[PDB]
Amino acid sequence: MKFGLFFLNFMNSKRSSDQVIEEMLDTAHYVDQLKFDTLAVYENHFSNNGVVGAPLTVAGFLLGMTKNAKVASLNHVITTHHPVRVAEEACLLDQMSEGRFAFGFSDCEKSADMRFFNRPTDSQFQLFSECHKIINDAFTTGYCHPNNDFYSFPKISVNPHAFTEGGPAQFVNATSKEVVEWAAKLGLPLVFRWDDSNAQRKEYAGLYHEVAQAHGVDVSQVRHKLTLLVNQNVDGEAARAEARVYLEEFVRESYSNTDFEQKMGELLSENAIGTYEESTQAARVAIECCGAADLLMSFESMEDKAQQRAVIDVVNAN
């Protein structure tokens, strides 16, 4: 198992967007001489629950300031975006860092964002596939040339060409059965998300394996990722209370159509939250359910910086 960090960059009334960005940079600097292998950046727009809408731009900065960690987009939303911009940027990152960027991508999770950027929801999945097809053509050949209902323009060199043969390594956000199946057929690694239930992540893991088998795709060397939240305190009840408050707006924004208390309770028991004992046990369960080879952790719900570093150190040590 490889282990890394991700940044949600949630803000609130006392913790400005200025403050959380500064936190992330300091955190990137702190863990760069440690054994964490990846720094991953969450994309969000138009709400407190993530102040980074351009994870590839943040990736550039992090790559400029660090020397050891790989740097990833966690869920760069391609469905709402021009795929030429994406491919250009991801290849630029590939090139400027000489291969330290990993391209995590996602379909759109808020229909509000689809409407905002004028992408039709009735055809969201085919749009997603066509976007990825253009990005992948550019990664693998240096060129693209779509002629479909979504994009049609003449053949172009997408500059700069990737530094890494085949482009930066890719992984896709496990956001629907449809996406999971698409990825399995392509032999693409998934990232499973911290905010999905263990059952959901297990269902996706199983679907993946089976679609892969059915189609003759060798997935034996595919390393899936899982993200989890980590908040560890010898006072385990304090860890849960702190994560509660941190997570509240999010649960109200992203799980509005589901029961608040039941979903909160689930996020708190299934994420790596609680005493060290409770925390690492939840991690073991979460990995066993989805079969992820790599674990990405966010420590950001621990507001006390010195406590946060102490848990990062303990985690680093084992």
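C-alpha atoms forming the largest set that superposes within 1.5 Å between two forms make up the rigid core. One rule holds for the numbers: they count along the sequence shown, beginning at 1.
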property: Comparing 73-81 and 212-220 where Cα RMS over structures and residues is taken in 4 other deposited structures of this protein (core fit), larger one; result: 212-220
property: 250-258 against 263-271 - segment lying farther from this form in 4 other deposited structures of this protein (CA RMS, rigid core fit); result: 250-258
property: Residue stretch of maximal mean CA temperature factor, 253-261 vs 64-72; result: 253-261
property: 40-48 versus 284-292 - which carries the larger mean C-alpha B factor in the record; result: 284-292
property: Which of 5, 1, 8, 312 ranks first by CA B-factor in the deposited coordinates; result: 1
property: Highest-ranked of 229, 191, 245, 186 once sorted by CA temperature factor in the record; result: 186
property: Relative C-alpha B-factor of residue 169, binned into the chain's lowest, middle or highest third; result: middle
property: Cα B factor band for residue 160 (lowest, middle or highest third within the chain); result: lowest
property: Position of residue 94 among the chain's modelled residues by C-alpha B-factor, lowest, middle or highest third; result: lowest
property: Third of chain Cα B-factors occupied by residue 79; result: middle
property: B-factor third for the C-alpha atom of residue 144 within its chain; result: middle
